[PDB]
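Naming convention: chains lettered A, B, ... in sequence-line order (proteins, then strands); numbering from 1 in each chain. When a ligand or atom number is given, it counts from 1 through the structure's own listing order.
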Amino acid sequence: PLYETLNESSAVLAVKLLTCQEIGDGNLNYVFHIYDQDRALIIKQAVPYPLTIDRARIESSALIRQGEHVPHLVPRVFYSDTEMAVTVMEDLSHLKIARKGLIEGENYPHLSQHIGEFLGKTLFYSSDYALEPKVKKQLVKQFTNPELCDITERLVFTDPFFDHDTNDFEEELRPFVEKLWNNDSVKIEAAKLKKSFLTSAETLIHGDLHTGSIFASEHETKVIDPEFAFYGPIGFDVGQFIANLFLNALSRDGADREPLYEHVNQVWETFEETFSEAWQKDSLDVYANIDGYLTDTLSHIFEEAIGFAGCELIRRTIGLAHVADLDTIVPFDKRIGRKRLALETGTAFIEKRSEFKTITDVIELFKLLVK
Amino acid sequence: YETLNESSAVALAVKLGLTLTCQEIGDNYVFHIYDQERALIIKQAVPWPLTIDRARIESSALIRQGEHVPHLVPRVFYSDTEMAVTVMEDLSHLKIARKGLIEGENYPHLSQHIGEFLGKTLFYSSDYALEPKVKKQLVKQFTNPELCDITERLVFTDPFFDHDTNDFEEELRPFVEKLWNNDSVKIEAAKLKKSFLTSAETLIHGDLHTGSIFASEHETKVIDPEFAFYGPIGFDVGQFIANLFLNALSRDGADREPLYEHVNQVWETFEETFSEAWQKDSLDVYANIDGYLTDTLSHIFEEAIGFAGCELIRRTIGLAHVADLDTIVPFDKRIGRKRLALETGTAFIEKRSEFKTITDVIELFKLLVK
Ligand SMILES: Nc1ncnc2c1ncn2[C@@H]1O[C@H](COP(=O)(O)OP(=O)(O)O)[C@@H](O)[C@H]1O
Ligand SMILES: Nc1ncnc2c1ncn2[C@@H]1O[C@H](COP(=O)(O)OP(=O)(O)O)[C@@H](O)[C@H]1O
Ligand SMILES: [Mg+2]
Ligand SMILES: [Mg+2]
Ligand SMILES: [Mg+2]
Ligand SMILES: [Mg+2]
């Protein structure tokens with residue numbers, strides 16, 4: 001049985017393929033930076049408590065698949081190994097985590113075009129529109145992600161909507177939280193959204209595409225950390241990303257929000273064009289080119305995306321796993337206020353998801369609720 | 001793997017430990033074994049190629065079904081993947097329902113039974129009844145790529161275009177062509193196929209037509225779940241309802257009433273059974289929020305109807321026909337009823353989300369087939 005947790009030294013496997021430091025943000029994952037004194041490398045390895053190290057196989061394979069379609073939008077992987085639960089990948093230390101960058105006031109003018117093309121291509125080319133069902137059904141097996149899905153199933157879709165252990169919210173927030181716990185019609189909709197997440201095996205999704213999962217500079221965008229990858233609903237990554245743009249918007253004031261709104265607008269438009277051009281060129285489906293079918297498919301993805309976004313908005317505000325955008329808002333009272341707005345916009349997104357005709361409708365409703 | 005014969009079949013039976021005679025009776029080989037001094041079936045998959053792995057699916061699927069509705073599926077005594085054999089209870093004392101129904105048997109309990117079959121099989125293998133972690137494992141073991149590929153092609157694709165596998169009377173061409181030129185129906189057919197391709201909700205039977213049921217006045221056994229996989233809850237429901245309708249189309253006037261009552265009753269029973277199971281046995285913290293079960297039922301219903309429309313069309317002009325329609329006489333009356341199968345099927349797909357109840361479904365049908 002050949003699994004051994006790495007150190008700085010054992011990490012410099014690198015040779016078997018001058019200085020090293022562990023730089024990991026988590027505690028579930030080690031991240032080793034290696035630099036030859038002018039040339040650098042990353043070695044990521046899954047630690048076990050509980051949560052198996054099989055995630056490393058998922059993450060590794062998923063980056064590889066993503067690389068076959070959008071190599072410019074994800075780090076190159078040089079080597080990986082299941083038993084050791086290691087992924088050896090490109091260093092991106094010359095870039096900034098998009099969430100950290102956004103909180104600091106960077107605007108990243110190309111973030112939405114890039115993320116948009118990422119979503120369109122990754123989401124299209126792993127679905128039944130792009131692949132023979134026989135082949136696609138095999139990939140569902142290899143990407144079955146029970147333990148990481150269970151995290152999302154609980155935290156994104158469940159726990160925040162009831163009085164559960166894992167929730168974490170200010171007492172000042174209680175009354176609004178309670179208003180959500182008492183809201184049957186929203187909960188029903190969230191259940192529907194969960195059930196889609198549980199059963200809708202449409203494409204190989206990234207499964208955790210928030211702003212902490214992106215490296216960015218003025219001119220480049222890299223999507224990292226697809227360890228939640230499995231076959232899920234097409235609109236989930238779309239929704240989760242959008243929600244995080246809005247989460248940042250809530251941490252800004254007045255005119256400074258405009259870039260985030262423009263990014264929400266652009267990521268959708270670009271996702272739609274990208275998905276569309278790929279549908280046109282590379283669908284295997286005899287139905288693909290009947291006028292109206294693509295359009296209805298995009299309506300359904302769009303409605304799901306908004307519902308999922310609602311869930312992320314709420315879930316990041318009062319659930320186990322928070323975002324810096326909200327948690328570092330200051331002073332206290334302003335934090336609570338913006339946190340209330342995340343609940344309220346989230347709630348609106350879930351309930352009104354099927355009424356929106358365009359992304360602009362979404363932006364405009366948000367603008368209105370956060371005055 | 002060795003393909004069996006009358007003798008090696010007997011030997012297997014004796015070697016597993018269960019004055020013998022054997023005949024192959026398959027409509028896949030099916031070996032009937034009888035002790036003159038008690039009976040047994042041994043079904044084996046032959047290698048259209050098409051792997052023998054189906055026999056592993058079928059076998060495991062009868063076992064799962066047996067854990068919840070043992071009275072509605074044959075007992076399985078033994079099975080083996082490598083040999084692709086399933087050894088099961090003999091039901092020769094019963095009639096295939098489709099044959100029975102064409103002869104004029106009414107089977108008064110068929111819908112109650114199949115209703116409870118669907119309610120329980122379809123509930124107890126979904127995320128509502130099982131931990132997702134567990135459920136996702138079953139999805140792996142029931143992945144059915146080759147048998148799914150048959151259905152994806154024959155039920156949801158080929159009939160709707162001018163493809164190889166289609167098979168229909170020339171007299172029927174004009175109505176066929178009307179369907180092929182119908183963009184809006186085809187879009188709906190696409191959506192239904194996409195649900196069939198992606199919606200891994202439960203372990204479905206996958207081929208629950210009237211030729212996959214043994215029946216007598218008092219008993220009902222569902223056989224042949226070799227198409228089993230994780231798909232949409234409403235598909236078996238739809239496919240069964242459609243086959244009741246297909247029989248209706250082969251009857252005239254008053255004699256249709258039992259088929260309509262069956263459509264009505266199977267849905268009623270499916271609803272009540274699924275509902276009682278949800279009440280008792282859901283794991284879902286959402287399960288009891290008033291309105292959620294109802295909405296779920298509406299979506300199952302809506303899909304059921306869409307799938308049924310596909311089965312109506314597909315059985316009329318695709319590769320694999322049903323005796324109900326093909327044996328109608330005279331010719332001209334066949335064509336006429338075959339046109340109604342097209343037109344009711346088309347209605348079911350397009351109007352699927354408009355129907356308030358099963359009665360609305362029956363009533364629309366009755367209207368079109370006057
Ligand atoms: N390819 C890389 N290049 C440079 N730094 C990286 C790279 N991958 C991860 N890191 C650093 O290590 C941290 C952990 O990576 P991440 O994939 O977010 O781990 P986790 O899945 O544990 O959240 C990142 O936030 C980043 O700061
Ligand atoms: N358990 C059984 N008891 C009695 N006869 C059976 C049994 N299973 C199959 N048969 C006979 O053999 C035929 C083939 O059964 P079926 O499961 O439909 O095979 P296939 O999957 O090839 O269609 C049936 O129509 C039936 O007449
Ligand atoms: Mg990360
Ligand atoms: Mg991670
Ligand atoms: Mg059969
Ligand atoms: Mg069969």
Side-chain angles (χ1 to χ4, degrees), chain A residues 22-24 26-35 40-47 51 55-56 58-59 62-63 74-75 77-78 87-101 148 151 206-208 210-215 222-229 321, chain B residues 24-26 28-34 39-46 50 54-55 57-59 61-62 73-74 76-77 86-100 147 150 205-214 221-228 320 322:
Chain A
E22 198 288 322
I23 65 160
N27 67 329
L28 289 149
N29 276 320
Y30 292 151
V31 185
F32 300 99
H33 187 261
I34 297 178
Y35 184 80
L41 196 41
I42 286 273
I43 303 175
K44 184 181 182 167
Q45 183 195 36
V47 176
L51 194 304
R55 84 190 95 117
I58 298 288
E59 172 177 9
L63 284 172
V74 300
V77 169
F78 297 113
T87 295
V88 175
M89 66 187 76
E90 192 181 7
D91 176 43
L92 317 155
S93 307
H94 62 288
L95 308 171
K96 192 168 282 158
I97 290 311
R99 195 196 298 293
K100 180 181 180 94
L148 283 278
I151 299 189
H206 175 287
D208 198 37
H210 53 86
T211 36
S213 288
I214 292 163
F215 264 115
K222 311 283 175 175
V223 186
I224 56 146
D225 201 22
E227 71 184 318
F228 285 79
Chain B
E24 202 286 322
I25 67 161
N28 274 331
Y29 292 152
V30 185
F31 298 99
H32 189 261
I33 296 167
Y34 182 83
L40 199 40
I41 286 270
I42 300 173
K43 187 176 169 170
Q44 183 196 37
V46 176
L50 187 306
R54 87 191 93 110
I57 297 291
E58 171 176 24
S59 210
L62 287 174
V73 303
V76 171
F77 302 108
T86 295
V87 177
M88 72 188 78
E89 189 184 7
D90 173 38
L91 316 160
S92 301
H93 61 291
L94 306 169
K95 199 169 275 156
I96 291 304
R98 193 199 294 294
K99 184 185 180 104
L147 289 279
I150 295 179
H205 175 280
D207 194 42
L208 207 328
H209 54 92
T210 44
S212 301
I213 293 157
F214 268 112
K221 311 287 180 170
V222 188
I223 54 150
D224 200 23
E226 75 184 321
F227 283 79
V322 296

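Using a cut-off of 4.0 Å between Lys/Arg side-chain N and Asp/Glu carboxylate O, B/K221 and B/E89 are scored as not salt-bridged.
Looking at A/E59 next to ligand 1, no N or O pair under 3.5 Å apart turns up. Close N/O approach between A/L92 and ligand 1 is found [any backbone or side-chain N/O within under 3.5 Å].
A donor-acceptor pair under 3.5 Å is absent between the side-chain atoms of B/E24 and the main chain of B/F31, judged by distance alone. Put simply, the side chain of B/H32 never gets that close to the backbone of B/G26: no donor and acceptor are under 3.5 Å apart. Judged purely by atom type and a 3.5 angstrom limit, A/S213 uses its side chain to pair as donor or acceptor with the backbone of A/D208.
Close to ligand 1: A/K44, with a non-hydrogen atom less than 4.0 angstrom away.
Listed by number with element, the atoms of ligand 1 under 4.0 angstrom from any heavy atom of A/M89 are 1 (N). Atoms of ligand 1 lying under 4.0 Å from any heavy atom of A/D91, numbered from 1 in the order shown and given with element: 3 (N), 4 (C). Close approach of ligand 1 to A/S93 is summarised as follows: ligand atoms under 4.0 Å from at least one heavy atom of the residue are 4 (C).
Nearest N, O or S atom of B/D224 to the Mg ion (ligand 5): atom OD2.
When the options B/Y29, B/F214, B/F31 are ranked by their closest heavy atom to atom 27 (O) of ligand 2, first place goes to B/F214.
The part of B/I223 lying near ligand 2 is the side chain, judged by heavy-atom distances below 4.0 Å.
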